[PDB]
Amino acid sequence: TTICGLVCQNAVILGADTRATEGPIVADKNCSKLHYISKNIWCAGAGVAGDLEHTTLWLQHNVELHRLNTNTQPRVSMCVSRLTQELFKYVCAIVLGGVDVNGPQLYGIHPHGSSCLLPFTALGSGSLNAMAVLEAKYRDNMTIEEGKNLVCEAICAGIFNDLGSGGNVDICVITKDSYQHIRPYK
Amino acid sequence: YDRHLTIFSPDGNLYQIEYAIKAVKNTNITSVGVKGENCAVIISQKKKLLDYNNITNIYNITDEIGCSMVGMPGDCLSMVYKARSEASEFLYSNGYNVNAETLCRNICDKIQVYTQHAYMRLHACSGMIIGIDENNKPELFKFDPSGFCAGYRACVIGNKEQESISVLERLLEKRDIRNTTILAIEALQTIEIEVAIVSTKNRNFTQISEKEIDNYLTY
Amino acid sequence: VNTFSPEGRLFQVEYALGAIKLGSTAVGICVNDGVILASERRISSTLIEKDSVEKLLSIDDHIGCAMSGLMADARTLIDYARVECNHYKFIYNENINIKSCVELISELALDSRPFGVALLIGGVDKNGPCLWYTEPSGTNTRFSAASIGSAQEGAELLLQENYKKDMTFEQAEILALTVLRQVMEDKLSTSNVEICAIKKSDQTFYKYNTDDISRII
Amino acid sequence: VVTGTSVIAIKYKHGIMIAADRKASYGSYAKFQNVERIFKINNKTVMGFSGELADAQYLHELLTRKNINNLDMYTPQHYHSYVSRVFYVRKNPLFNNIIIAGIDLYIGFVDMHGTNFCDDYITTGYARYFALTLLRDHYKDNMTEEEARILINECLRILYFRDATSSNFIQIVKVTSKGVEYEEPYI
Amino acid sequence: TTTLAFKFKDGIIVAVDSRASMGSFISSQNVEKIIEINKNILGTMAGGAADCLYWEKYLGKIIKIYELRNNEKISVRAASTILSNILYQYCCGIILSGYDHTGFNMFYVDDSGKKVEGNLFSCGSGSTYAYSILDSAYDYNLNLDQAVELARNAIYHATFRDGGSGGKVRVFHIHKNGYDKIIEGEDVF
Amino acid sequence: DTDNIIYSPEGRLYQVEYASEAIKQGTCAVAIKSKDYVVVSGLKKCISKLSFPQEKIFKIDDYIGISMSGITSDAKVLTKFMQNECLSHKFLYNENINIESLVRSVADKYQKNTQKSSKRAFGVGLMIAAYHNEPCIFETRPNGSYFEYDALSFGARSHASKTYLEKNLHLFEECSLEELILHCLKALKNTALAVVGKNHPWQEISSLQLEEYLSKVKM
Amino acid sequence: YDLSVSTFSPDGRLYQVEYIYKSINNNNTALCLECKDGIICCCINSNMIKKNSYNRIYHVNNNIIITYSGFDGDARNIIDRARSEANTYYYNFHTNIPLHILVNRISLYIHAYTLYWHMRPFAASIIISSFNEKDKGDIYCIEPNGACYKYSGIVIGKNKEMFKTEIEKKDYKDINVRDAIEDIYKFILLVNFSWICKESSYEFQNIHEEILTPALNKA
Amino acid sequence: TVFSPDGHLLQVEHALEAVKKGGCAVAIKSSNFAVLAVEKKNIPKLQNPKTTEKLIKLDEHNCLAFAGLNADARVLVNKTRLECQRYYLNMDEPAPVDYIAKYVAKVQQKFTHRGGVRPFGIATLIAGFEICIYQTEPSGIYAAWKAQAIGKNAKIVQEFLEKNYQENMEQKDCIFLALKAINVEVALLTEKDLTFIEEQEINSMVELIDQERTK
Amino acid sequence: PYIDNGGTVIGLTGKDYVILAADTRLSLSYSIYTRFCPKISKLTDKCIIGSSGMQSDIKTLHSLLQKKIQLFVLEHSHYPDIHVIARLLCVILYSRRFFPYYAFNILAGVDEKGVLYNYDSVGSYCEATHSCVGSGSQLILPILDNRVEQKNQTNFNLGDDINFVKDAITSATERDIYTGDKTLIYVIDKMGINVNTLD
Ligand SMILES: */C(=C\S(C)(=O)=O)[C@H](Cc1c[nH]c2ccccc12)NC(=O)[C@H](CC(C)C)NC(=O)[C@H](Cc1c[nH]c2ccccc12)NC(=O)CN1CCOCC1
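The deposited coordinates for this entry were obtained by cryo-EM, with a reported resolution of 3.60 Å.

Listed below in structure tokens is the structure:
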């Protein structure tokens, strides 16, 4: 599982792989590693699918419910505290991109629960293979179109280069005003 | 009997709640909390060998938040300690400081649970709450021993209440720190004192300086 | 419950006294050679299985305890007393000294509702038979000779009339049979009594066979 | 995992010496060359630890919080028995060989298991081999201060050279009728 | 150790080795393994000394309060079943022996809590050895003379053939009343 | 009204006050303090010609012993508690219990009973008499109050003993134990007496030697 | 209405709380004075039975001081609460407690019991104080049902209002360095004077009896 | 609850009355047999309306009858079932009527004693095995009996029963005395087996008692 | 959580007495702590007790049992029989079998002729004519076997017996490393309980 996301000139742009695997044989032609925690904040987890569907469910509802309970748009860092606190109680990395009162923030979250704000990120088997191409071409304040093409490039590289990663891609531009998803980037 | 306990009337109207409000309304420590344009003032009269230097109603419960309190004093120190507990748990859980109303969900709900549950007595204290919101608009709320997140552009509490609503209206027709604080200190004069603004540092909530008490009072 | 009276006596527990007066009588007499233990057996209805109901019981093998007042509360206190005064001997052979069995039962009896019963526990543990009345109030006391039930109101004097320490347990049997036959309406027979004994030697608890009491009378 | 290799204590009628070096090796190597392992629970009582550090400060705060309530005063004996009782409760644990000492005079040792006892001279940690026998060799009652401290100084002298982990300089305490004195000077 | 029990005509009987060694070393040969519970029933411990002693005394308690409760003697299968019900929570196997039925019943409760009823149980380390003699020399019910010689005999071969058990012999024929008692030293002749 | 969970308009609690209306029925007991010794006599009331009278005295520890005079059950419960506590003390610290730590503890138990509504106040008041070094006499009112004493008498017609206490210094003739005990038997006037101090700890001279000592008041 | 600690009166007063003021109004005086060079709490207990000792004042640390008035038991228990609090804070924070936070802690402690329908409020007002050169002397008096207040010296207990004429000479009361005592001994027209001053080394101390002599012999 | 100055308990004395006004039941006893017979009134149209009145079987070798509240009876009885099963588990042997009378008594008492619980409204009576019968009053007392009657007007049935009493008798004829004391809820404990007596079987006898009283 | 120490405490019932001797020396795996330790405690009355397990368990176990005898005697006003003492020990010890006390233990008392109870760590108690425990047991028991019992071949004069104890132990120091040269020796003749610091 590659998952790559990167900040542009006003919006985070996340992109991720779409192919589950049992370890030997593939067990799915497709999956959703771009869950929608809220209109202007999403998570892209990598790891065991089970744990991921779990904590993303519990997260989505903690955040949507808390948003119902208060005026403020659930600003991106609260999701990071909730998630990291949950993982800290105890195997699933995440990469979450949202836009808010601050900048288009993007975070990466380690399996032990560690958090970091990041300019651009990847996780999973493809991470290495994504750190290679991603870092080389990155520039702060890219035109969002540059995000549109790049993140697909680093994803495709982190696809072709791993046995454990493959299949069609999907990408989204989390503007603060709106998410703009597309089901198959490919 | 219905009066001896927190239960409904034959008329369907709760009693002991009204009595707790008499506790506040006979506490006789009036306090005017008016919002200012891009700021907000909260004032109270500070009322022997006793120390006026100690006395206050105003109290902060985070840097951004300060809540004047009136009523039975022990309940006040308790509701303040509860308030601080509340903001600390929210910050700890979520990494954001509470919006003033978010602190009023805790203040007003904790103050509420007393009302149904017959045992523990209804809350005997009330007061304003002020703080800069995530929205840049300053936020001034209130609460009642009966649950109320309220909501105001201006408020008064204590022995005086809606008596001074019409009095406040005259400032409301004229409602910067100069311009707003004078409305408050006058509103004490209109019907020493201790003044408290969030706009010192525009987000940090601090009681205004002692040396600068007089200059508004003499202007 | 424990609302102290202005008079200073505890209310509840002082209301609970009367329950023993409901009690049918029994006369325990510690003696130099044992403890005799008599009680009414004429309590019986004509059609209850004859003599199939004992007032006198046995907390342990060498303890026997006639009861006052409510039959139920007595059945409970005897239940827990059997349990505890057995549990005392869990690996070491000695059975609980009577004074301390009774001390248990009372120290529990102190603290629902106060028990309506009084007990007359007896047994041989120290070189010498013991006779302990437990008041419902939890006050615990060692008589040499004593009686329970409402008939104990005036029958007690009779003990004062006759009680010398120096008696063969048989002499004591005559004595307690005297005092208890006196308060009965029926001329005493084995259906009028349910006598038991704990010897200074045998130390064993033993309800008398009816043939025995029929023989002495 | 900080550790303090040794502590010793010795007594004579006019008072009771008790000393240790200030090193606090953090595994293979020294971290704190100036740690304070000797600690003063009472004007007539101190605890000296020689094992893992954290546990030692833990027991330090415990004995103190335990004291202020009683501050007749809590005897060194009661302090020692509370100490051992704590180790043995913990066991069923904390790593130290804390010794209690103070005042007539009282020295008591406690092994890690809550094993404990009382003697005229006690040594703790690496000292036991490299100081105790020597300090078992020349020890005598009613040593004057000069005799005694020159004796313990001969012992720490043997020790710093033989013990793998010691500091050159010794925090040192003597308990006297006047009150406990924690000498500042180190060597 | 080594424990034996069997029922001939006149009753159930109990036999045992008094040795109680902690490892190769012998802690004691004075040790008594036979224990009475209710006035008529009794059991023999085998295996660990402390746990077996504990459970026997515990059994004495539970049985005693029951016996006080109903004011009578409980059947042997009861006393078996209580240990079967408690031991299953966790020791050492045991044998029980008593009179409720016109014949004395015999039982054997495993440390596993397995319960078994039968005619000539034996346990302990040396059980196998006397346990041969119990059918080679007792296919069927016999006499008290025959029986005390029998148990003394089978214990003797469980004494010679096994180093883990020995010491004194201690046979206890049980009458319909209570029981008898016999103890011996070496009997090689 | 009618529960110790509320104060009277006077400002008094009645329930706890009723405890002394309990204790006055109890038989008098008296105590004397020689400089190195303490002597405590009781009075064992006899319910019948055949009753053997109960013993007021107990023996909580080596040098500690007590003399409760109120309802017996609470008294025994306090004894079992004080004994279990002294033994917990020694079991912890290989040391005899401080007497005053004990008094402070038992008195804490009284207050814990006389504050909580559901638990009734004790109808008994201990008169502890002991020392861990120098002789002492403590009294515990059926509440959290406890007082040290030089000489104390309490229960029934203890009034005679009280007025009599003024007639002798507690140690007007301390130096001899026989002087002491004769003051004890005068002050109070089978009946009990007990002795504790210096070398011999607690002791109960209820022997026939005491029976000999009885004539000494009239000898 | 007056029957509950919790139920409000029709006029919002809490009569059951209000009675604790009566209790304390009758109970023994316990002045605490403040010098401009220290603090001196004192007591005048008015309780042959021992007369030698019955200290009301007690500390939570060798520097902080407590004094009370009212039921002895409840206050002794609150002193236990304060010891455990100061020591808890010393276990957590490796320092001695500021007097202020301890005072608010006891405010909450005493306050809690008022809210519970079964629970009985404590009947004892509590002075708590400390003085250091840097930590200037302050005397917090705690009336039950909260509202602890800082003071320059408050008399509490039975006769406090008639002593306030003397304490109101607090200019003269602050004038003293170590002779405020000698003034008090005539002013008041068993006793427990103490020390928290520079000469005290700021640590609390019972005033020396041969220092007590100059006061009594002064007139 | 609480003692009145007399020392009598009220909730219990009140509690009895629900039995002192309830459907009558009786038991007649002998060696290996006993006749338990109650009476319950129901609407004629509804044959199924009280298959519940019928005498309960706590164990194959045990049997019960009761009078008072049914709603409380179902509770007590179930506790009895669970308990006979518990004893029969811990012993691997059936519960003697003695021990179960003791257990049930301990319960009814317990509720009278410990707080938080309303006292029972029922009076029980139990047959088991030789065979012997135990009646248990709401107070928590219990007693062996040779014959007894629970229910409304128990005294007429019972004291008239004394006028007719005779001990051991016939397996069938011992039934007749129950009727002579007492539609009908008949059951016969025998062979340590409770049995629901055939409806028609007694009909012959049902005739004679109807007419021996007439002729 | 267990360390081995050799308290070598031995009991020995005389014809009208009991004798309980023990080396005082304490020791770690191979180094002597105190030269002098109390391996024997006095139960409050006519009986005493010894052990040889790890010293924490020795001390805390003797503490506990002392607390129990003191509590029992104060609650019942009655000094316990020796049997209730040892039985109570089986109780306390088995109550913790899942995490056993390491202190193997010895009791010596009189019933009014030294009734005795030596036993294993979990309370498997036994009476005996004599007793030994600690690392010095296995060595001395044959010496005690023959001096008094003559199972394959007058034995309790106080002088002759204290002598047998003496020579048995003094020999025990020689062949064993854990046994210390000092010995306490108690003697519970019916009058009272003597102590001896013979070494
Ligand atoms: C990333 C692979 S990796 C090596 O880079 O970390 C993916 C992430 C993923 C896959 N699917 C989703 C959906 C939503 C979000 C994220 C998602 N994870 C994996 O490839 C897992 C490999 C683990 C060991 C790292 N694969 C699985 O967990 C298996 C999925 C599966 C099995 N059967 C199926 C049927 C239908 C759909 C999916 C599956 N299952 C397991 O490994 C079984 N585990 C065993 C232990 O944990 C719980 C179940």
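Outline the overall build of chain I, listing residues and values.
Assigned secondary structure in chain I consists of 4 helices and 9 strands. Listed by position from the N terminus, the elements making up chain I come as β-β-β-β-α-α-β-β-β-α-α-β-β. Computed over C-alpha atoms, the radius of gyration of chain I comes to 16 Å, within 12% of the 16 Å expected from 2.2 N^0.38 for 199 residues, which places it in the range of a compact globule. For chain I, the C-alpha atoms occupy an extent of roughly 45 × 40 × 30 Å along the three principal directions.

Residue-level account of the pairing of strand β7 (residues 99–102) of chain D, with values.
Residues and elements named next belong to chain D. Across 4 bridges, the pairing between strand β6 (residues 45–48) and β7 is antiparallel. Bridging from a neighbouring strand, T45 pairs with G102 of β7. Of the strand pairs in this sheet, β7 and strand β8 (residues 106–110) are connected by 4 bridges, and their pairing is antiparallel. Note that in β8 the partner of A101 across the bridge is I107.

Describe the sheet that holds strand β4 (residues 136–140) of chain F, listing the residues and the values that go with them.
Either a parallel or an antiparallel arrangement is found when strands of a sheet pair, and the pairing is made through backbone hydrogen bonds. Residues and elements named next belong to chain F. If you trace the 3 strands from one edge of the open sheet to the other, you get β3-β4-β5, paired in antiparallel fashion. Two strands in the sheet have a free side with no partner beyond their single neighbour: β3 (127–130) and β5 (146–149). Averaged over all adjacent pairs, the angle separating strand axes in this sheet is 20°, with direction ignored. One ladder, built from 4 bridges, connects β3 with β4; its direction is antiparallel. Bridging from a neighbouring strand, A129 pairs with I137 of β4.

Which residues make up the interface of chain G and chain B, and what are the values?
Across the contact, 23 residues belong to chain G and 23 residues belong to chain B. Along the lines of polarity and charge, the residues of the side of chain G that touches chain B split into 11 nonpolar, 10 polar and 2 charged.

Give me the lowdown on the interface of chain C and chain F, citing residues and values where you can.
Contacts between the two partners involve 18 residues from chain C, matched on the other side by 13 residues from chain F. Those elements that provide at least two residues to the side of chain C that touches chain F are β6 (140–142) and α4 (152–162) of chain C. Looking at the side of chain C that touches chain F, its residues break down into 7 nonpolar, 9 polar and 2 charged.

Conventions adopted
Residues numbered from 1 in each chain as written, not as in the entry; some residues may be left out. Chains lettered and ligands numbered in written order. Part of a larger assembly, values for the part shown. Heavy atoms only, no water. Residues with missing side-chain atoms left out of burial classes, pairs and counts. Helix = DSSP H or I, 4+ residues; strand = E, 2+ residues; numbered from the N terminus. Rg over C-alpha atoms; globule rule 2.2 N^0.38 Å. Pairing = 2+ DSSP bridges. Axes fitted to C-alpha atoms, helices over the stretch in contact; angles between N-to-C directions. Contact = heavy atoms within 4.5 Å. Nonpolar A, V, L, I, M, F, W, Y, C, P; charged D, E, K, R; others polar.

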